[PDB]
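Below is one structure, written out as structure tokens; the observations come after it.
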Amino acid sequence: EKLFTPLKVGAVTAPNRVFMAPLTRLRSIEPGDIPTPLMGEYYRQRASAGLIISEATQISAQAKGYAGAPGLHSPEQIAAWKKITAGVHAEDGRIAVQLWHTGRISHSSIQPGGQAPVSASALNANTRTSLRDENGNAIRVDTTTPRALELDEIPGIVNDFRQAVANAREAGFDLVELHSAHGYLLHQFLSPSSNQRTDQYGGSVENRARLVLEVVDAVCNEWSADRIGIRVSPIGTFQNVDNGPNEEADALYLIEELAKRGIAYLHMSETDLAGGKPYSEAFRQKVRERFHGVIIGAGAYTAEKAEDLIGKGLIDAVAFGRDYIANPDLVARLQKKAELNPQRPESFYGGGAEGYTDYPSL
Ligand SMILES: Cc1cc2nc3c(=O)[nH]c(=O)nc-3n(C[C@H](O)[C@H](O)[C@H](O)COP(=O)(O)O)c2cc1C
């Protein structure tokens with residue numbers, strides 16, 4: 001067994017390789033997209049994780065795409081997150097904040113000025129996002145058609161990520177994870193299916209990866225490379241955003257570029273919750289030889305699969321999502337081979353304490 005052995009992750013050291021995957025729960029306070037004491041308790045309960053990766057958090061108000069998702073751009077948000085990270089640390093844990101811009105997976109009603117959300121191109125995501133009704137309950141709504149970002153607006157996006165990282169540092173986070181997956185803004189630019197731009201941000205893979213790499217350079221400069229992690233989902237289709245006809249080659253290009261920055265980690269979301277083709281060991285080898293930091297595998301992993309790939313030296317840690325929602329002490333359970341609490345999917349999004357902080361520990 002290696003899941004319970006230490007691992008150097010950038011500027012921090014995880015005591016085990018059982019990580020908590022970033023999980024949107026949409027329980028923040030509105031107005032203000034403010035983290036709550038309940039959220040602090042939720043994270044505190046899971047502080048034994050090798051590393052806790054927070055729910056996706058807005059880098060700006062424009063980044064918002066889901067009612068209930070927290071932000072890390074306002075004073076009130078920073079003050080709230082400081083309490084959450086302090087609680088995790090009081091329990092000897094480590095926490096990274098996942099930062100995102102939802103791009104076209106949003107709705108005009110939650111955008112500043114009630115205007116259309118932005119993206120690489122003016123193409124509807126053709127999916128749904130979550131809003132709240134008059135009683136605060138989570139509801140699904142079709143996504144609003146986006147406006148294509150003007151070339152001169154791009155620097156602003158990079159600056160928003162940079163500022164969000166500066167705020168993350170002050171908020172007490174140990175690391176930050178750039179959300180470059182699952183069809184959100186950064187992925188919208190990376191994918192040819194969602195990017196039809198004819199300027200230097202569209203077309204070739206070099207052009208498509210331009211934005212995410214500018215963001216990476218900006219945040220490394222703002223804080224430190226060993227404080228930066230990034231999540232990608234470069235193989236398969238996610239929320240209607242595929243990865244092009246040369247997904248494997250383009251993925252290796254991106255990974256090689258990221259490696260040049262010497263960032264803390266590469267987090268690979270292998271499949272959509274709906275499933276997808278499994279990574280071949282050959283591909284895992286090509287990815288491993290191109291990145292020199294920690295590699296985190298994720299996507300319906302089993303303890304056995306984690307041990308198998310960590311043992312083969314293909315990955316360093318595993319991020320568990322749904323098992324962490326239902327098991328605050330997942331580490332102890334996996335170590336003791338204890339049974340897990342049953343999952344209650346109906347309370348994954350929105351609501352309150354029920355289905356959030358009421359899953360018992362051993
Ligand atoms: C309720 C829910 C919310 C999620 N929110 C996020 C998110 O904020 N950021 C992200 O990168 N992935 C998100 N994911 C994906 C998970 O991080 C994870 O990759 C996925 O659930 C597959 O892993 P699992 O089989 O261990 O649950 C979400 C998944 C679930 C079920």
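Cβ sites come from the backbone with ideal geometry, for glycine too, and all protein chains shown count toward neighbours. A short reminder: the numbers here are calculations on the coordinates, not readings from a lab.
How many residues are free of Cβ contacts under 8 Å to residues at least 60 places away in the same chain and over 23 Å from the mean Cα position of the chain (by Cα) when one looks only at region 332-347? Talk me through it step by step, then tell me what you get.
Kept after step one, since they are free of Cβ contacts under 8 Å to residues at least 60 places away in the same chain, are these residues of region 332-347: 333, 336-347.
Narrowing further to those that are over 23 Å from the mean Cα position of the chain (by Cα): 333, 336-342.
Final tally of qualifying residues: 8.
Quick check: is even one residue across region 216-223 assigned to a loop (DSSP other than H, G, I, E, B) and more than 16 Å from the ligand (Cβ to nearest atom)? Break it down into steps so the answer makes sense when it comes.
Start the filter on region 216-223 by keeping residues that are assigned to a loop (DSSP other than H, G, I, E, B), which leaves 223.
Pick out the ones that are also more than 16 Å from the ligand (Cβ to nearest atom) and you get 223.
Yes; the residues of region 216-223 include at least one that is assigned to a loop (DSSP other than H, G, I, E, B) and more than 16 Å from the ligand (Cβ to nearest atom).
State which residue is nearest to the chain's Cα centre (by Cα) when the search covers only region 182-200 and only residues that are within 19 Å of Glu248 (Cα to Cα) and within 16 Å of the ligand (Cβ to nearest atom). Outline the logic, then answer.
As a first pass, look at region 182-200 and keep what is within 19 Å of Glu248 (Cα to Cα): 182-183, 186-195.
Narrowing the set further to residues that are within 16 Å of the ligand (Cβ to nearest atom) leaves 182-183, 186-188, 190-191.
Details: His182: 9, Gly183: 11, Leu186: 11, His187: 12, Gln188: 15, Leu190: 16, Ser191: 17 Å.
So the residue we want is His182.
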Go through the residues of region 256-274 one by one and say whether even a single one is of a type in the set (D, E, K, R), closer than 20 Å to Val212 by Cβ and part of a helix (DSSP H, G or I). yes
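Mind listing just one residue for me: the one in region 1-28 that is without any contact (Cβ under 8 Å) to a residue 60 or more places away in the chain and surrounded by fewer than 17 Cβ atoms within 10 Å (Cβ to Cβ) and, of those, nearest to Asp308 (Cα to Cα)?
Initially, region 1-28 is screened for residues without any contact (Cβ under 8 Å) to a residue 60 or more places away in the chain, giving 5-6, 13, 15, 28.
Checking the rest, the ones that are also surrounded by fewer than 17 Cβ atoms within 10 Å (Cβ to Cβ) come to 5-6, 13.
Values: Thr5: 14, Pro6: 17, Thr13: 22 Å.
Checked region 1-28; the qualifying residue nearest to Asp308 (Cα to Cα) is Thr5.
Can you find even one residue in region 81-101 that is under 30 Å from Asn195 (Cα atoms) and not hydrophobic (A, V, I, L, M, F, W, C)?
First, pick out the residues of region 81-101 that are under 30 Å from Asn195 (Cα atoms): 96-101.
If we keep only those that are not hydrophobic (A, V, I, L, M, F, W, C) as well, we get 98, 101.
So far as region 81-101 goes, yes, one or more of its residues are under 30 Å from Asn195 (Cα atoms) and not hydrophobic (A, V, I, L, M, F, W, C).
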Give just the number: which of (1) under 17 Å from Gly172 (Cα atoms); (2) out of contact with any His (no Cβ under 6 Å at 6 or more places or on another chain); (3) not hydrophobic (A, V, I, L, M, F, W, C) does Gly103 not satisfy? (1)
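Of the residues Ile78, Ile53, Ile29, which is within 16 Å of the ligand (Cβ to nearest atom), hydrophobic (A, V, I, L, M, F, W, C) and either out of contact with any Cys (no Cβ under 8 Å at 6 or more places or on another chain) or within 29 Å of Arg132 (Cα to Cα) (or both)? Show your work before the answer.
On the way: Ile78 fails: within 16 Å of the ligand (Cβ to nearest atom); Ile29 fails: within 16 Å of the ligand (Cβ to nearest atom).
After applying the criteria, what remains is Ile53.
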Quick one: which helices (runs of 4 or more DSSP H) lie wholly within region 278-344 and hold at least 3 residues that are among the aliphatic types (A, V, I, L, M)? 303-311, 330-336
Any chance region 262-273 includes a residue that's in contact (Cβ under 8 Å) with a residue 12 or more places away in the chain, closer than 17 Å to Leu186 by Cβ and polar (S, T, N, Q)? yes
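Determine whether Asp323 is touching a helix residue (DSSP H, G or I) at 6+ places or on another chain (Cβ under 6 Å) and either away from the ligand (no atom under 15 Å from the Cβ) or not β-branched (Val, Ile, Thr) (or both). Before the answer, list the steps.
Working: touching a helix residue (DSSP H, G or I) at 6+ places or on another chain (Cβ under 6 Å): yes; either away from the ligand (no atom under 15 Å from the Cβ) or not β-branched (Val, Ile, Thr) (or both): yes.
When the stated conditions are applied, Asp323 passes them.
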For region 326-348, which positions are within 16 Å of the ligand (Cβ to nearest atom) and among the hydrophobic types (A, V, I, L, M, F, W, C)? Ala326, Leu330, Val331, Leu334, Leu340, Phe348
Scanning region 253-310 for residues that are touching a strand residue (DSSP E or B) at 6+ places or on another chain (Cβ under 6 Å) and more than 15 Å from the ligand (Cβ to nearest atom) gives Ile263, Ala264, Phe291, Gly293, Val294
